[PDB]
Amino acid sequence: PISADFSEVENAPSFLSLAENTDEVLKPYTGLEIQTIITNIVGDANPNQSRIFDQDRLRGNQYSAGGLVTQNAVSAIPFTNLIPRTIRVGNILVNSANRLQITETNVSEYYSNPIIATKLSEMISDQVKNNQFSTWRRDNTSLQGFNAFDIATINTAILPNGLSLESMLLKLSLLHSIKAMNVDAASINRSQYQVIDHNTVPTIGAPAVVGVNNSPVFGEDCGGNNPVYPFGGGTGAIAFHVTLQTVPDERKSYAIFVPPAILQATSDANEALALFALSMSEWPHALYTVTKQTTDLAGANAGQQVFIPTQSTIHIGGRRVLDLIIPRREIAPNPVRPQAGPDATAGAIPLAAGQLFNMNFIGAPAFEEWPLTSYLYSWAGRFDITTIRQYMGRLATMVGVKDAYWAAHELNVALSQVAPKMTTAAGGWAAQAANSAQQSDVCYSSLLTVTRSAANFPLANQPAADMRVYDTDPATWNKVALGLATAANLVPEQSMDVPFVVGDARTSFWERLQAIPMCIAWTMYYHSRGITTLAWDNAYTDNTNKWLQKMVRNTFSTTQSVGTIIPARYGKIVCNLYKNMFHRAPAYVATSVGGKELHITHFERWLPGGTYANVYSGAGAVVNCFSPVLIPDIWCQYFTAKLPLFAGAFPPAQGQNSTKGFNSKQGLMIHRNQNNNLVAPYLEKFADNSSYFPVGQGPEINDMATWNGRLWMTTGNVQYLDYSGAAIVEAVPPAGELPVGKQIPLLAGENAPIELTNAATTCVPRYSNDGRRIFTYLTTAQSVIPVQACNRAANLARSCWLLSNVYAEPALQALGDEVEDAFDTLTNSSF
Amino acid sequence: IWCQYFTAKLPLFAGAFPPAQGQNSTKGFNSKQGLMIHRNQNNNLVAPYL
Amino acid sequence: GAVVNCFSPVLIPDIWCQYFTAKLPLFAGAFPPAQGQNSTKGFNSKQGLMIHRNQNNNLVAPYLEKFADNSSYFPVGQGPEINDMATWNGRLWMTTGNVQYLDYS
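One line per chain: the protein sequences are B, B' and A, in this order. A prime marks a further copy of an entry chain. Counted the way PDB author numbering counts, the first sequence spans residues 789 to 1123, 1135 to 1630. Quick note on numbering: PDB author numbering labels position 32 of the second sequence as 1464, and the sequence is numbered without any gaps. Quick note on numbering: PDB author numbering labels position 103 of the third sequence as 1521, and the sequence is numbered without any gaps.
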């Protein structure tokens, strides 16, 4: 919450009390909490009436330090899943001189929720089979579409993991988030076409065109019609078998049963084989683009920019050769529909390729492999989000897809909503230049720089992994999609129990708002202890200060117990800084060591390797200091139930008292080194007895003093020196300049932020790369009013927002269970 | 101001917009008081809580 | 021969619904004879309905049901209410002879 006076800066919760464990069961963060503040929609659903195109930013009055009120001053929503591979430089479109930002997961099978053979599986073994041991009979007890010698080779030795529908449901959770950009124009913001390319105005009118393999720079049309995989040059292979006898002799264990519940006479019914073959194989199969008509700032040069979404750059899968076994009607003996296959058509795209598809091959003979990047390229303009929604409802009737899609969905939001770093400026609204690394350099919500590609596409290098995600194995999928095994995370449901995000037009708006509390929780994690940006980068193996290696060691997921993931320590600190600070729990998955079942969130599955949230200067130079700051503060304050005390709104100037500090009555002291000219704030009592941290000590979490340090570097002329006033190794901003948010184009009657209002002031540097303590200093002449404001005998004029705090309770309808519809109050006893 | 200042009890629809004191200056009346936003055919123009 | 897919799905005329039915709903009832007392009337705001009357474009609509955020666009997840007063009243205006199926505006 933002502050009305100093008596609620002072009576704000601490960090240690707000990072404690919580035993409450909390509702999921739906993204509607930020929505019902920054838009005209407070109540309920609105089809096309609510113009979300214009409602894309934080708006409010501001109050300057000089006593003036700015009327309509805006802060951008700082997250988008769209990297502009065509940049508007000099009011005209040119190709990007920048590589594409790629991520990579760490897909591996772990001990999920345990699995058990059903009464059908004990029925096949006990009866039938066991009874063929006396009758000399080799009859067929065919289950629904498969041979008895196909079920008999699967009702066998079961792996003791249990499956997690996570990788296939992130691919479904991911192509959904791509294919939901072409829904309308007044349902997708214009700010999220302007987050990186800020010299750009997209248009109401023509919607976005979600294309595939048509990006104009650095390869990236990975076979525009001769398609390969983007990660690794190769085309894969798919084969549609009717028996396991046809799978040649080599694979036969990798063979995936397509269950007959996902293909019924309810849809196109042959697109569902492509969503199944796309969920089970590999992401990405192709490099999707989003092309939209844009215009420059005044509006002359209307062209079409090419974007590439971030979730088409996430390398997940490792299954490139699929052998799919198809249900054979009711019951038939083993044999162009040889054995009564319902279908296997190619698609809708003509696809002149290496096997030369013509326009749409209908073919399910015995072996006869196709390519897989080709077979998925043909079904790349057909995957609209309504079809994905009803496919999810057909999945939900046989397995439990409610909680696993929401965990996979905020996994998508965790590694897909990606934000440009910062720019250091004095006032408000600085950005970068065009055709430069600094405009396109970009970070996660975890304050962690996204790796861009090193060489031209399709890639042979395979960069380091970023996140540990699970996967469906084919061998357990073949028996849980067939009634032969069951678990507690796999209990089936109805299509009403599909989450609200699926098949809705408002996903590109909601998913960029779900990523803001992730960066608030990581932002408050990285700012309680200020280790700049250099003592985070080369911190994993520094032989100085064993404390710092323990910090970076524990933050990441590098431990195990039995064959399963032990989640990270200190990512539960971020999770508790999410549940306490937002009163809403993030979605976990299950992992079991043995018996004991414990929970791991995207807060606990990151991996080491990679630099952190850097800040740039006005001329593009690196200012690796402060702390890993991303989005501007007011996001890390206003949209918050309980923000810890060191991060706080400087309260408005009401009477004679505006902004004060914390003095030696709270256990603090002034540093006051060698020279008489520069003095430091009221830091801790340990600050004068250190000067360099001991090899197992770090910055003590004091929010009286971190407040009191950002209270001094808001003055506008500070230097970040030393215990003795000497320089540091770290790059310092050129003046009294702070990291400030990204500037987007304005509208009519709508202003830019004024002075340290769209800034990030909380990033107080306290721990240099060398292990020495960083002190913020002022001249003796220019520190009298800050020292007396700490002593409550003066006041400091600071700028603020003129908003008020509401923070409503959760709705739990979210446009996803509108079961009030009159035709099921009467079909209600039958459920 | 003639129809406000020189008045013992001025009915609520006529009222002085109060001065900007702290962070809060001038607010309104929402659906907690039994009101709703009109929101017609086109998506561009919206009306108050009538 | 052009497709006129603007109605609800029809396949058989009214008289087969009305002559073969023991108890038939209100909105699909036979129109009683012409030149009689108590012949053919409708359902107004005494039965809770409301008239729309976009008279600027010389274009008025029946006494239909109350809207409750259904005026121009329906909510995402909601559709038309079962009302027999207003569906009787709407087909009472479709039979007049020059009927427009336009919009809220």
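Note that CB positions come from ideal geometry on N, CA and C, so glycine has one too.
Taking the C-alpha atoms as reference points, what is the distance between residue i and residue j?
| i | j | result |
| --- | --- | --- |
| residue 1469/B | residue 1488/B | 12 angstroms |
| residue 1456/B | residue 1597/B | 11 angstroms |
| residue 1201/B | residue 1474/A | 50 angstroms |
| residue 1551/B | residue 827/B | 18 angstroms |
| residue 874/B | residue 1255/B | 17 angstroms |
| residue 1467/B | residue 1484/B | 6 angstroms |
| residue 840/B | residue 976/B | 6 angstroms |
| residue 1330/B | residue 845/B | 31 angstroms |
| residue 1212/B | residue 854/B | 40 angstroms |
| residue 1078/B | residue 859/B | 35 angstroms |
| residue 1250/B | residue 1356/B | 19 angstroms |
| residue 1231/B | residue 819/B | 29 angstroms |
| residue 821/B | residue 1464/A | 42 angstroms |
| residue 1219/B | residue 1398/B | 31 angstroms |
| residue 1270/B | residue 1009/B | 28 angstroms |
| residue 1509/B | residue 953/B | 46 angstroms |
| residue 923/B | residue 1154/B | 49 angstroms |
| residue 1595/B | residue 1506/B | 14 angstroms |
| residue 1419/B | residue 882/B | 21 angstroms |
| residue 1604/B | residue 1384/B | 21 angstroms |
| residue 1224/B | residue 1538/B | 6 angstroms |
Does DSSP classify residue i as helix, strand or coil?
| i | result |
| --- | --- |
| residue 865/B | coil |
| residue 821/B | helix |
| residue 1377/B | helix |
| residue 1095/B | strand |
| residue 1508/A | helix |
| residue 1512/B | coil |
| residue 1326/B | helix |
| residue 1045/B | strand |
| residue 1192/B | helix |
| residue 1169/B | strand |
| residue 1242/B | strand |
| residue 1523/B | coil |
Indicate whether residue i and residue j have their beta-carbon atoms separated by less than 8 angstroms.
| i | j | result |
| --- | --- | --- |
| residue 1444/A | residue 1467/A | no |
| residue 981/B | residue 995/B | no |
| residue 1573/B | residue 1434/B | no |
| residue 1432/B | residue 1561/B | yes |
| residue 1463/B | residue 1571/B | no |
| residue 1187/B | residue 1110/B | no |
| residue 1076/B | residue 998/B | yes |
| residue 1129/B | residue 946/B | Position 1123 is followed directly by 1135 in chain B, which means residue 1129/B is not present among the coordinates. |
| residue 984/B | residue 1238/B | yes |
Can you list, in chain order, the residues of its chain with a C-beta nearer than 7 angstroms to that of residue i? Leave out the 5 residues immediately preceding and following it.
| i | result |
| --- | --- |
| residue 1453/B | 793 |
| residue 1354/B | 1367, 1369 and 1370 |
| residue 1295/B | 1616 and 1618 |
| residue 1593/B | 1584 and 1587 |
| residue 1393/B | 1361 |
For residue i, which residues in the same chain have their Cβ closer than 8 angstroms to its Cβ, ignoring the five residues on either side in sequence?
| i | result |
| --- | --- |
| residue 906/B | 1282, 1283, 1284 and 1285 |
| residue 1601/B | 848, 849, 850, 851, 857 and 1451 |
Got a sec? Which residues, its chain only, sit under 6 angstroms from residue i by beta carbon, not counting five neighbours each side?
| i | result |
| --- | --- |
| residue 803/B | 1327, 1443, 1500 and 1502 |
| residue 1129/B | In the structure shown, chain B runs from 1123 directly to 1135, leaving residue 1129/B without coordinates. |
| residue 1160/B | 1145 |
| residue 1606/B | 1440 |
| residue 1351/B | 1338 and 1339 |
| residue 942/B | 1277 and 1278 |
Would you say residue i lies against chain E (beta-carbon separation less than 8 angstroms)?
| i | result |
| --- | --- |
| residue 1521/A | Any reference to chain E falls outside this structure, whose protein chains are B, B' and A. |
Would you mind giving the Cβ-Cβ distance between residue i and residue j, rounded to the nearest angstrom? I have them listed as a contact below 8 angstroms.
| i | j | result |
| --- | --- | --- |
| residue 1070/B | residue 1105/B | 4 angstroms |
| residue 1272/B | residue 1032/B | In fact, because the Cβ distance is near 17 angstroms, the residues do not count as touching under 8 angstroms. |
| residue 1150/B | residue 1013/B | 6 angstroms |
| residue 1265/B | residue 1409/B | 7 angstroms |
| residue 1053/B | residue 836/B | Their Cβ separation, rounded to whole angstroms, is 32 angstroms, which puts residue 1053/B and residue 836/B out of contact at 8 angstroms. |
| residue 1132/B | residue 1311/B | Gap in chain B between 1123 and 1135; residue 1132/B lies inside it and carries no coordinates. |
| residue 1411/B | residue 1247/B | 6 angstroms |
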